[PDB]
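What follows is a set of notes on a single structure, which appears directly below.
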Amino acid sequence: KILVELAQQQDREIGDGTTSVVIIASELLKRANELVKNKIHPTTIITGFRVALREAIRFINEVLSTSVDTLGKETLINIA
Amino acid sequence: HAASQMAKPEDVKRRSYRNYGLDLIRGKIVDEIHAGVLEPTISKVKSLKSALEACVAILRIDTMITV
Amino acid sequence: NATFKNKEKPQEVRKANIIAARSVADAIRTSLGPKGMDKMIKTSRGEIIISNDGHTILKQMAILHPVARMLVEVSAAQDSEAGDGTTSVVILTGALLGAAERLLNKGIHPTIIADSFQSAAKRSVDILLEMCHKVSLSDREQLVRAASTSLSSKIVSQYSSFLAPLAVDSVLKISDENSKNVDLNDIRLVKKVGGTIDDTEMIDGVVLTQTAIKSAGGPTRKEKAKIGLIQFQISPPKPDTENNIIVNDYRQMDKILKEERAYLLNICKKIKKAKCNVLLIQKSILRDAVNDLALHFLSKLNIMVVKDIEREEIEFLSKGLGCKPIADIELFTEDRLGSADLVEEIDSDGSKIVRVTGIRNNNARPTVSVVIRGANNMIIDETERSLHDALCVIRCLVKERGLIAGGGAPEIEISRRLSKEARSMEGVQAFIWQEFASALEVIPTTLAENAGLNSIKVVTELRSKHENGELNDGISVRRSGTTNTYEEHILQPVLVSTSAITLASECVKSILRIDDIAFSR
């Protein structure tokens, strides 16, 4: 049901991508379930994901770029 | 990507050649920026943020009382 | 060996009552602390809810077994004093029953067990007074830091800078030096939509929740006014006995209208003779409170009328204003009225709140009214309840002075001293003093478990440095380890831990004293 409400939160912000968000949260629970069998407490499992999320947003900053390759070549024509 | 991220942080490079994704029509690895597959940053950042908060809400349940 | 057999087995009832009561606190241990795990509860209606609040879990648990229902009253009495920490008081009782279960396995009668917890609780409170760090109400800086750091666990951290001194100064009006029981109901928190959290005011007089006359002729403001509480109801005449009204004529219908307006006017004239400028009508959903024709009559008399006054406000207005409720119009007199310097309707961005100032009465006592503002409706709701917790933290310092750094530090100081006091006891008690001190260690043990830290490593490391340092060794979640809890601004007032041990002693007592359960109709 949290995943159902997750699709509502995804539709009210971006409006698209509910398919990929559910697959992410599904695999994260499977990975965290194996950490429980590893005798790792779930509180640190929660905090361990939040620390990785803070860096993940910072890592996207070196990924993301503005509009480029529109002069001297065309990457947009492959879309059309 | 692992080989392209070796010389990238050192600020010394022969050729970078990063950002190679999956082309499922021809079944080969190509550059997605040149192929034209792009998603806005606001979509990917809020996706990992929303998927994590939903995963935490599940991991915070140690007990369930069902009437 | 061979001893008293007890063919009839009442112990099965006491054993089942302990197991059923320990099962209550077992799920409460997961919600302990800010990192505590949430609990899922499906209400009897079928609604699915989630929260970490220990008092909310016990409220929505729909408990059947009566002994497990007693823990609800323990958490309720804990909220009546401390107002926060109802999770720890349930966990504390759960371990004392588990320790008492081992005492029953050693062949000790529960009456001696209950009486041993009495001397254990009464002395532990005295031990808690030995480690008390005494503060003073004259120092506001310590009171601001106590309320500010306690609200850092709440959704709004940033605005607690301006909320802390307002909560301090509001209690300092009722904190006057010599007092025993200081009630927080004398401080009324009124939430209104509009504005921001940064806008909050402490009024010198009572403030209501209702607006002024909406119909034609509403004054909305009055200066130098008299206020009174009217339990009567102003309506056209409606005798409960047998009545007959016969209208055969067109002019007779106007005679009926003028007769009903004359009955309403006579009630309005008796109010004008007593010179009561502001009227407060008790909320009545049976019939109409004051007729619109009577409102137009009181509008010409320049009498401000505010209806829909709840009974919760009536008990509050009769205290600060010093007035008295008036049942009927024949009981309406000047001696039962109030005296108000200014009565006005404050409208801030569509607010239209009505406040009262200038009590000017000898019955005036430390009654305080606080107005809460905010943008969203979910703001003024949680922000108000967040201030009541700040009202209780300071109330603890007023009733019992002094505060102690939390995080498991005061629980270890008690458990360590009782370990030495157990060697100074005699008889069956000396074994109970050891089990009572070990049952107190559940609080620092559970905090280390809910925070993800190693159980054995943290509990031993705290007790390790506790043999040298005294009160500064506890669990710190902000540092993700064991460090000084006083520098981390984790502070638990003494009355919280004082009442927790006292309620735990009476709870476990009232449990073990029940040897059987009989259905009686």
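Letters A, B, ... go to the chains of the structure tokens in the order shown; residues in each chain start at 1; ligands are counted from 1 in the same order.
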Residues within 12 Å of residue 19 of chain A, only C-alpha atoms, excluding chain neighbours under 2 positions, as a PyMOL selection string: (chain A and resi 3-4+6-7+10-11+15-17+21-26) or (chain B and resi 47+51)
Pull out every residue of chain A that has at least one atom within 8 Å of chain C, counting only C-alpha atoms, and report them as a list in words.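 Taken together, these residues fit the definition: residues 40, 41, 42, 43 and 44 of chain A.
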Selected residue, from A:78, A:38, A:8, A:61, that lies nearest to chain B when counting only C-alpha atoms: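 With only C-alpha atoms as the atom set, the closest residue is A:78.
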So which bits of segment 2-80 of chain A end up alpha helix (DSSP H) when you DSSP the backbone, as an NGL selection string? :A and (2-11 or 18-36 or 42-63)
Residues of chain B within 12 Å of chain C, counting only C-alpha atoms - could you list those as a VMD selection string? chain B and resid 56 to 67
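The space between atom CA of residue 110 of chain C and atom CA of residue 512 of chain C spans 5.9 Å.
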Identify, with DSSP run on backbone atoms, the residues in segment 189-415 of chain C assigned to strand (DSSP E or B), and express the list as a PyMOL selection string. chain C and resi 189-194+200-203+207+221-225+227-230+234+278-282+290+304-309+325-326+340-346+353-357+368-374+403-405
Using only C-alpha atoms, tabulate the residues of chain B lying at most 9 Å from any atom of chain A, each with its closest atom pair and that distance in Å to one decimal, by chain and increasing residue number, as a Markdown table.
| residue | atom | partner | partner_atom | distance |
| --- | --- | --- | --- | --- |
| B:19 | CA | A:63 | CA | 8.6 |
| B:33 | CA | A:75 | CA | 6.9 |
| B:34 | CA | A:75 | CA | 5.1 |
| B:35 | CA | A:78 | CA | 6.0 |
| B:36 | CA | A:79 | CA | 5.4 |
| B:37 | CA | A:79 | CA | 7.4 |
| B:40 | CA | A:64 | CA | 8.6 |
| B:41 | CA | A:64 | CA | 6.7 |
| B:42 | CA | A:14 | CA | 7.6 |
| B:43 | CA | A:14 | CA | 6.2 |
| B:44 | CA | A:60 | CA | 8.8 |
| B:45 | CA | A:57 | CA | 6.4 |
| B:46 | CA | A:14 | CA | 8.0 |
| B:47 | CA | A:21 | CA | 5.7 |
| B:48 | CA | A:21 | CA | 7.2 |
| B:49 | CA | A:53 | CA | 7.3 |
| B:50 | CA | A:6 | CA | 7.2 |
| B:51 | CA | A:25 | CA | 5.0 |
| B:52 | CA | A:25 | CA | 6.5 |
| B:53 | CA | A:25 | CA | 8.8 |
| B:54 | CA | A:2 | CA | 6.4 |
| B:55 | CA | A:25 | CA | 5.4 |
| B:56 | CA | A:46 | CA | 6.0 |
| B:57 | CA | A:2 | CA | 7.7 |
| B:58 | CA | A:2 | CA | 7.9 |
| B:59 | CA | A:42 | CA | 6.6 |
| B:60 | CA | A:42 | CA | 7.6 |
All residues 9 Å or closer to residue 227 of chain C, only C-alpha atoms, same chain fewer than 3 positions away omitted, as an NGL selection string: :C and (276-280 or 321 or 323 or 337-340)
